[PDB]
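Here the structure is laid out as structure tokens; the discussion comes afterwards.
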Amino acid sequence: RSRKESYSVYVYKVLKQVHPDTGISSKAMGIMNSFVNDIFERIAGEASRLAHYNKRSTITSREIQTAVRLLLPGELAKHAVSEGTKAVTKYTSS
Amino acid sequence: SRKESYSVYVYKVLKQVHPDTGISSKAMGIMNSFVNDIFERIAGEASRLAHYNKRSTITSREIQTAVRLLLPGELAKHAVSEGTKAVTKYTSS
Amino acid sequence: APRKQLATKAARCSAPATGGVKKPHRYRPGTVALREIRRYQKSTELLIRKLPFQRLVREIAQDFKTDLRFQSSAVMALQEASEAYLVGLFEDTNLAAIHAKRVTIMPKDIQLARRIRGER
Amino acid sequence: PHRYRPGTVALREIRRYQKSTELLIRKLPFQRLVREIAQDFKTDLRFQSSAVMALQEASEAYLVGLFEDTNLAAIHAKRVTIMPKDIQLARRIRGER
Amino acid sequence: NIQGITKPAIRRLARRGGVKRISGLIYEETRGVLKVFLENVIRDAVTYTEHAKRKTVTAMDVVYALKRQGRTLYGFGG
Amino acid sequence: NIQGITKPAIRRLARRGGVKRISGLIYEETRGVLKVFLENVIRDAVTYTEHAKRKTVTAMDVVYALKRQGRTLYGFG
Amino acid sequence: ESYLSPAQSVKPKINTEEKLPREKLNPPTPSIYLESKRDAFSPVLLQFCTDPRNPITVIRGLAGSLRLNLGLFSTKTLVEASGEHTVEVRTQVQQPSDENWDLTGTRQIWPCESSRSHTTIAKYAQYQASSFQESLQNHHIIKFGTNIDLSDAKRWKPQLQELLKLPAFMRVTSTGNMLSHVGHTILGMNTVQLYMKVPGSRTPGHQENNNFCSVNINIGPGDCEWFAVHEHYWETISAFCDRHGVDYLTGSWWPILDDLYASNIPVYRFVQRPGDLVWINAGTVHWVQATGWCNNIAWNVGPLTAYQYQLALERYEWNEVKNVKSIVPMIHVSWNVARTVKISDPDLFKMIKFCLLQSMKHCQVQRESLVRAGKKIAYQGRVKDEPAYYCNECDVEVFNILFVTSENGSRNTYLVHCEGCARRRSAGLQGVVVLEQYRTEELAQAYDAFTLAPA
Amino acid sequence: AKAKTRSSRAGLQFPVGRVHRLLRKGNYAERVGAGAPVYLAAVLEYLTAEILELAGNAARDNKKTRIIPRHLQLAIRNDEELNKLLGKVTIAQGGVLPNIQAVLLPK
Amino acid sequence: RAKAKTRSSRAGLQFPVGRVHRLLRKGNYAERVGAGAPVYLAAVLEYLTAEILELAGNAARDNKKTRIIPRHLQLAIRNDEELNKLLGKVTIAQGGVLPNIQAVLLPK
DNA sequence: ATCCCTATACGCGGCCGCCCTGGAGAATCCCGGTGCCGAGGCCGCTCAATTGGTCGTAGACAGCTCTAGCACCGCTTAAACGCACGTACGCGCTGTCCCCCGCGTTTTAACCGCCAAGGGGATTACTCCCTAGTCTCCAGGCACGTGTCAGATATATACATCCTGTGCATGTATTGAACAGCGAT
DNA sequence: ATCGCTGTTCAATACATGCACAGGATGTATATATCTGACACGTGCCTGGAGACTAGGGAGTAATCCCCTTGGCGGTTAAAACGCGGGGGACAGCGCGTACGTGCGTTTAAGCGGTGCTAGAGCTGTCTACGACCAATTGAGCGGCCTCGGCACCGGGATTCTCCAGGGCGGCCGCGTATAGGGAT
Ligand SMILES: *CCCCCCC(=O)N(O)CCC(=O)O
Ligand SMILES: [Fe+3]
Ligand SMILES: [Zn+2]
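Quick note, the sequences are listed as chains X, H, G, B, S, W, V, C and P, same order. Residue numbering for the first sequence follows UniProt numbering, beginning at 32 and increasing consecutively. Residue numbering for the second sequence follows UniProt numbering, beginning at 33 and increasing consecutively. Residue numbering for the third sequence follows UniProt numbering, beginning at 16 and increasing consecutively. Residue numbering for the fourth sequence follows UniProt numbering, beginning at 39 and increasing consecutively. Residue numbering for the fifth sequence follows UniProt numbering, beginning at 26 and increasing consecutively. Residue numbering for the sixth sequence follows UniProt numbering, beginning at 26 and increasing consecutively. Just so we're aligned: the seventh sequence equals residues 1155 to 1291, 1320 to 1637 in UniProt numbering. Residue numbering for the eighth sequence follows UniProt numbering, beginning at 13 and increasing consecutively. Residue numbering for the ninth sequence follows UniProt numbering, beginning at 12 and increasing consecutively.
Next comes the structure, spelled out in structure tokens:
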């Protein structure tokens, strides 16, 4: 009856981007959905704490970037920050 | 500007449990940090409880459940008793 | 120089045991253990029986709330968590045993691995 | 020449340092180490005195706890001396390596 | 009912954990450790379930109780 | 400069921890462990301060970094 | 090699191809009593036990009068005399009396159930006690206690200590028992052995290895059915050994009256009772069944009596040519006996003389063709109570000279070689040390020392 | 109109009003119940009073009036419940509990 | 109005910028959410998913399989060091363990 | 001036040795075969994201103060360093005894398929109770200033403790004595 | 029987640890004395909490469905349980030499007190863009469906490691050996 949203629709698109001839099982898809939800929660909570520390009431791209710097480990942090900056530039430009 | 701390109330509780004992400044800072820590813990757990059940308010139920989930056993029992008594007295007045 | 260490089997007298039914082939103690290690380190299936685990879970939960029904996925998740926890604990216990210059993991190894991890 | 047998002054020091709360590291060398470590991340950083004190307190707590765990790791292997392998085991079993 | 977790099952768990030789007394200790862990997680899950005014422990309750203990689990829900 | 944590300092820390005998190779190990711990904590604190568009590393930044790593520190706010 | 021929033989001769009625095929066997120590100790009783006329004699109540604490041999105080030890047991099926049928359930085949097994002593004690009272008050299975070592007198001190109030020849070993003179402790041969069993327990028929005389005391409370046969009919077994396929030596088989009935072998059927004693004469192939929960104290001795030695050496020769394992070195035993015994009979005099001369001759030839062409002829010296060294590629006894080298072994253990196997080794011998413990001069001196006292 | 602090109404010493304001401005939920601040303040006061009683006993056991961080550390690390609630917390100037492994005590 | 262009397309992403904005607004993390927070968060999540899925696909191909099961995800996570650090305190249900035997346990 | 005669350089040939090499046999893997069920693409819909415009305030910017972070000096002395000595402790080797492992056999209960009931989770619907918001009034608690007494530092003292050189006491590594087995006379 | 010899079985003797036990240095717990600066209080006021009313949406309660959780039955099939034999490993014990603890002398630099400069944290006022809010719209993603290939089970042969032999070519050991020339007669 009532709907249940999930990141499977976009996870499969990302998979088709990476491996254009590979699939994914249902259990693996659930694992990936849980991973996406967990990382979202971590980053969002860290950004909220960052905004609360500095007496801000809005979460901006800077808060997300600093949360990514704090959470992701080493090289992954740099790559994710670069991707996010490029995405925001593309979004604002267009 | 004007800071806020629990030092004013931590000293009342002290006087209600050890009338002739004082507290230093480092110790008072430790007590204030401890109160802040426990407040953050309980509030976050209650917020998670409210969000999980597809609700949008935090009430005595959520606070009691968070106290049960975070406090270890006997502390939890006594804290729940005291909180329920406090809410009862507050409502009665 | 003087050897004087010549030796042989010791004599004995016994009622005949005809037939001599015996099993000669045996693996040395340890090789099959390594085989089991390899076999279970390349699989993903659970190593505990489901029904006994469900019975234990219900027996434990009986002390918290009565008439507590369990979703099947709930018990499956509990089993997965418990077995992963035990596998990690056993890895740390084996590390402690190897630290102590032994190969046999003993209860003291488990106790040390739990104390260091902060789990009382 | 009254000489104490080995290990008798060690226990006295253990008792003396467990009864106390003072910071065991000299403040100036620790401050210099903190500044040197920070200069790699950001340049021309200024540290509050309270920040350096908090860093030193946290470092002392971490090292004391690690030494307790390493002492446990040493006693299990039938030894009174702690060594680098004991510390490495305490760190591995701790999930920080 | 803790005897359901048998010696062969504990041997399989240890083998997956990389253990080669297993002491005789380790099985009882493992049973106690498993019982302690299960008690903690099940108590948290039952608290979660009681909050929702329910009577069946859902997979989400177990996942939340585990994440509360510092043992996040993937593949049984959010 | 890392050598500023002298051998007597590490011996005092071990004594407080309970160690009775100390090997000769443990001082270098302790220096490495302390360097790694301080590096992680200081990187977290410097990121925290840099977010606030500041040049001074406040005691609150260190406390937040410690809370984030998993070492909650009382007595500094 | 050959050490025996038709020159020394006291062995009475009868032909297996004989005819026997039921009386001769089932006659009561000579039996006696004992009313004093002097009876058994007197030469009359000992000779009766060394007498070819009687296949076996019963000393009824011998312990019943002297009252030695054979009840201390009881498995009760045995457990209160041992908690942990080895008790070899032969698993067997509980057939009633003499009905050891087969799978089809209506045949009596010669082959019998005889399977090895062992565990802790207390395990067998528990099993036998429980199966007792018929397992807390045919169809049944029965573990069979056999050859339980008793070579130590410490844990069994009352037993062995009280087991000396009898004559030397009926004693474990003494100057009247050649087993003392072998310098060894042959298990189940020269040191008494106790074997517990349940009702129906069966030790398949056999002749005691080397054909010694046997001293058997069922301390009970169990009883025993018996089937004694004199030595003449021994090859008779072999006869039906071919007919029913079983073998006469080291095999497994429980005869039946008709089985050897075509052999016309009589059957000295009788029994004993708690506390009794019996002398199974050397050469008596006997098959026993403990029809009740019991425990035997049995061992083997040979009095210097002439008949004993000749009735015995036949088995030694058999084994030598049958590659069959023996349990007593006659060569070495003949030496120490001919070296430190009051040999006072011409019969046994020449009897030993012949094979001793053959031993001298073969050792002579061995060293002669192999002294320098041999390999470092060594002089070990034969330290006192050296265990008799037996080959392993053939098992034959190695006397004086021998071929022993550390055959690898991380602990460097030593293996023994004889001339017969030196062959499989290589041309003559090439690789194994030679160690002879008696110079020909010393052995010749001992030979000269051998004399017939005028006793 | 007659003012009355909600702490007095509930019988508490900790501030119900301040706790309510913190719960409202800390972004925990869209709404905050009337009894939630009272319950949370009562629990906080209970925990504070328990640890304070333990610390005062520890300090008096040392012949001192003022409570310092060492007494707080002793109270937290001695009692098992408080030790478990604060098992991953470092108290500044708290020190360590006095213990020595018996294996190290002189033979 | 004009042809509605999904916010994800403008950001050049494949994760839902609008859905991430919805979750941020309804998750009571902050009083207000900037226009750039959803885009940044969606891009970061998509990058992390791409990394994990590329490693898992390589692991699956090594195994001679077309689909991806949780075992392949566990292998990919526990091999890469940074991913293992990020997900160090996680357990993948039905994933198993990384094969390893202490060098001393090997037969002498 | 000649006999000597056994320890010394010589040898060679046994001696162990340490790996190599072979079959035999349980393991596990890979190729070919068949079949099922779940993942993947399609379809209908509905509700959530987009568009488009307005309102209010949150944060960005400029200006400005007064805090405290840094840097200096000059000295006291407290602690770190280096060295010499010895001891006890970590580490290797050896020995034993025993307790886990590999295996076979009995049994037992986990598991799969299917049936069947109903308890409770999940949803929709209606109603009101409660929480956010707004305004105003005023009380508590925060910053600042003061004094006084608890705790730190010092001294001199009496005491607890550890290290070493005394003694007795005792069960045992090591003696004579008291049993005898044992035999030719 | 006995005048000798003999193996056992008992007691008696000597010796080094367990432990008192003195002294005596050394470090420690203590008790009175003194003074500092941090706590505990008071003062004013001013930002935040409380009183009062509104207005609206979240939550509570009920009614209903139907999913799925439990209860059960039978047979089949692997997995558990029990017992056995044996070797490999845990534990102890002894040797040793090496590296760490202790104490003392030398001296490096941290702690401390001032003292001044200024870089920046922190406050205040302005206003401007940007995020929330709302109405209308449609097309993105979700719930079902169907289907067809990837994977799962199966069988049968192909390596392939284990695990015992059996040696074959390098080592040292050690027995043997030849002796002969400096010493002694
Ligand atoms: C060599 C093993 C047997 C020793 C001789 C006794 C024997 O064989 N028994 O069957 C004992 C029967 C008896 O006489 O008690
Ligand atoms: Fe016989
Ligand atoms: Zn031979």
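For every residue, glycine included, the Cβ atom is placed at its ideal position computed from N, Cα and C.
{"Asked": "To which residues of the same chain is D69 (chain S) closer than 6 Å at the C-beta, ignoring the five residues directly before and after it?", "Found": "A90, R93"}
{"Asked": "Please report whether the beta-carbon of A26 (chain G) lies at a distance below 7 Å from any beta-carbon of chain P.", "Found": "no"}
{"Asked": "Specify, as a first and last residue, the run of the beta strand (DSSP E) that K1379 (chain V) falls within.", "Found": "1375-1379"}
{"Asked": "Check the Cβ-Cβ distances between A99 (chain G) and every residue of chain P, and say whether any is below 7 Å.", "Found": "yes"}
{"Asked": "Would you list the one or two residues that DSSP bridges to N1482 (chain V)?", "Found": "V:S1396"}
{"Asked": "Identify the contact partners of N85 (chain X) in chain W, using a Cβ-Cβ distance below 8 Å as the criterion.", "Found": "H76, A77"}
{"Asked": "Indicate the three-state DSSP secondary structure (helix, strand or coil) for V42 (chain X) in the structure shown.", "Found": "helix"}
{"Asked": "Could you give the DSSP three-state label for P104 (chain X): helix, strand or coil?", "Found": "coil"}
{"Asked": "So who's on the other strand from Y99 (chain W), going by DSSP bridges?", "Found": "C:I103"}
{"Asked": "Specify which residues have a beta carbon nearer than 6 Å to any heavy atom of ligand 3, listing them in chain order.", "Found": "V:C1573, V:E1575, V:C1576, V:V1578, V:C1600, V:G1602, V:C1603"}
{"Asked": "Can you tell me which of the three DSSP states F1531 (chain V) falls into?", "Found": "helix"}
{"Asked": "With 7 Å as the limit, tell me which residues of the stretch 87-106 of chain P have their beta carbon closer than that to any beta carbon of chain G; keep them in chain order.", "Found": "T102, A104, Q105, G106"}
{"Asked": "Please list, in chain order, the chain X residues whose beta carbon lies closer than 8 Å to that of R96 (chain W).", "Found": "Near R96 (chain W) there are no residues of chain X at all, since even the closest Cβ is about 15 Å away, more than 8 Å."}
{"Asked": "Could you compute how far the alpha carbon of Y52 (chain W) sits from the alpha carbon of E95 (chain B)?", "Found": "19 Å"}
{"Asked": "Using the Cα positions of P1349 (chain V) and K1191 (chain V), report the straight-line distance between them to the nearest angstrom.", "Found": "8 Å"}
{"Asked": "Any beta-carbon of chain X closer than 7 Å to the one on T83 (chain W)?", "Found": "no"}
{"Asked": "May I ask whether a heavy atom of ligand 2 can be found less than 6 Å away from the beta carbon of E1413 (chain V)?", "Found": "no"}
{"Asked": "How is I1438 (chain V) classed by DSSP in three states: helix, strand or coil?", "Found": "coil"}
{"Asked": "So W1461 (chain V) is in the beta strand (DSSP E); what residue range does that whole segment cover?", "Found": "1459-1462"}
{"Asked": "Can you tell me whether DSSP reads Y1430 (chain V) as helix, strand or coil?", "Found": "coil"}
{"Asked": "Once DSSP output is grouped into helix, strand and coil, what is the label at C1537 (chain V)?", "Found": "helix"}
{"Asked": "Counting pairs of beta carbons, one from the stretch 1167-1182 of chain V and one from the stretch 117-127 of chain B, are three or more of them closer than 8 Å?", "Found": "no"}
{"Asked": "Counting only the same chain and skipping the five closest in sequence on each side, list residues whose C-beta sits under 7 Å from that of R73 (chain H).", "Found": "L102"}
{"Asked": "If contact means a Cβ-Cβ distance below 9 Å, which residues of the stretch 57-76 of chain H contact chain W?", "Found": "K58, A59, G61, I62, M63, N64, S65, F66, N68, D69"}
{"Asked": "Using a Cβ-Cβ distance under 7 Å, would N1372 (chain V) count as near chain G?", "Found": "no"}
{"Asked": "In the structure shown, what three-state DSSP assignment does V1598 (chain V) receive?", "Found": "strand"}
{"Asked": "Enumerate, from N- to C-terminal direction, the unbroken alpha helix (DSSP H) stretches of 4 or more residues contained entirely within the stretch 1220-1267 of chain V.", "Found": "1229-1233"}
{"Asked": "Cβ of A1570 (chain V) versus every heavy atom of ligand 1: is any distance shorter than 6 Å?", "Found": "no"}
{"Asked": "Which bits of chain W does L103 (chain X) rub up against, with CB to CB less than 8 Å?", "Found": "By Cβ distance, chain W contributes nothing, its closest Cβ being about 12 Å from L103 (chain X), past 8 Å."}
{"Asked": "Can you confirm whether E106 (chain G), when its beta carbon is compared against all beta carbons of chain S, has any partner nearer than 7 Å?", "Found": "yes"}
{"Asked": "Let's see if you can read the secondary structure: which residues bound the alpha helix (DSSP H) around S1289 (chain V)?", "Found": "1287-1290"}
{"Asked": "Say the cut is 6 Å; is the CB of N1392 (chain V) nearer than that to a heavy atom of ligand 1?", "Found": "no"}
{"Asked": "When you check each C-beta in the stretch 54-80 of chain B against every C-beta of chain C, which residues fall closer than 7 Å?", "Found": "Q56, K57, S58, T59"}
{"Asked": "Closer than 8 Å, Cβ to any Cβ of chain P: which residues of the stretch 31-43 of chain S, in chain order?", "Found": "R41, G42, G43"}
{"Asked": "Helix, strand or coil for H1388 (chain V)? Go by DSSP, reduced to three states.", "Found": "strand"}
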